[PDB]
Structure formats: C-alpha cells, structure tokens
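Keeping their order, the protein sequence lines are chains G and 5.
Residue numbering for the first sequence is 95 to 169, 173 to 188, as defined by the authors' numbering.
Residue numbering for the second sequence is 98 to 110, 129 to 146, as defined by the authors' numbering.
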Amino acid sequence: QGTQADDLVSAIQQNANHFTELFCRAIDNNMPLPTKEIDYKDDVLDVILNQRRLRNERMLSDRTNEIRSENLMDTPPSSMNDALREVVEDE
Amino acid sequence: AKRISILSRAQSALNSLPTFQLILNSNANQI
C-alpha cells in the first residue's frame, strides 16, 4: 500500500512477554458482544466473569449518577460528559 | 476538591492536588 508499518514480527520475536499483554489489551478493547445469552449450562468461570462485568457497569453508572446528583458547579454538555467520565473512571 | 479540580479545568478552556487545610472560625465564648 505504501504506508509505513513497524516491524511487529521482529518486535514480538524479541520481547514476546510484553506483547502478550499488549495483544490482550488490544483484544479487550475490541471485543464483540455475545450473541448467545447466559444459561444454566454455562461454565462457572463464565458466569463469574459476567457478574464481574455487570458489577463494573453498575458501579460506573452509580458513581456517574451520584456525581450528577451533586451538581457541584451547576453548569457545554459534551465537555461536561467527558470530564464526568474522566472523574468517574478515576474514582 | 478533586471532583472540582477535574470537572472545571477540563471544561473552561499534569496537575497534583495536595491535602487541603482546615481553617475553622468560632464565635463562641473566649477562654
């Protein structure tokens, strides 16, 4: 194509222990939603991980809702939501 | 103050924020 690409193969071959975690981060960033639903025939690890994901979503939503309920300066909607998600995911 | 020091400077366009000092005034009886 003509675009410039780093030698990912050589970098993986030299420092593979780091690139395992890098690939896991990249995969977790772009993970499709499951078409199947959780049933009683699923693994215990799968339902534990599903409950952990639902818990993470619920604490994120609860912290965002509490901070919005505070209204700590009573004031740009999109910049407000950006700073809001920034403070919520940090706390 | 951390909630104010994030939601303000990112909207009215690294920062380290120390522990705040409590200053408290009273109008009660003076010993």
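All residues carry an ideal CB built from backbone N, CA and C; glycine is no exception.
Tell me where the alpha helix (DSSP H) around residue i begins and ends.
i: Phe117 (chain G); result: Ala110 to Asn123
i: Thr158 (chain G); result: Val138 to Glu164
i: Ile101 (chain 5); result: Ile101 to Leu104
i: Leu181 (chain G); result: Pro174 to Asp187
Which residues of chain G have a Cβ atom closer than 8 Å to the Cβ of residue i, listed in chain order?
i: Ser131 (chain 5); result: Ordered by position in chain G, no residue passes the 8 Å Cβ test against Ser131 (chain 5), which lies about 14 Å from the chain.
Anything in chain 5 within Cβ reach of residue i, meaning under 8 Å, just list it in chain order.
i: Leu181 (chain G); result: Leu104
i: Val141 (chain G); result: The premise fails here: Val141 (chain G) is roughly 35 Å from chain 5 at the closest Cβ pair, so nothing lies under 8 Å.
i: residue 213 (chain G); result: Summary: the structure shown does not reach residue 213 (chain G), with chain G confined to residues 95 through 188, and so no result is reported for it.
For a contact meaning CB atoms closer than 9 Å, what does residue i contact in chain G?
i: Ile101 (chain 5); result: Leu166 and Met167
i: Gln108 (chain 5); result: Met167, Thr169, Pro173, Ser176, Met177, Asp179 and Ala180
Closer than 9 Å by beta-carbon distance: list the chain 5 residues that pair up with residue i, in chain order.
i: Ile161 (chain G); result: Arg100 and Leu104
Can at least three beta-carbon pairs, one atom from the stretch 158 to 169 of chain G and one from the stretch 101 to 109 of chain 5, be found at a separation below 8 Å? The stretch 158 to 169 of chain G makes contact with the stretch 101 to 109 of chain 5; the number of CB pairs closer than 8 Å reaches 3 or more.
Does the stretch 180 to 188 of chain G touch the stretch 148 to 165 of chain G, meaning 3 or more C-beta pairs lie closer than 8 Å? Output reads yes: the stretch 180 to 188 of chain G touches the stretch 148 to 165 of chain G.
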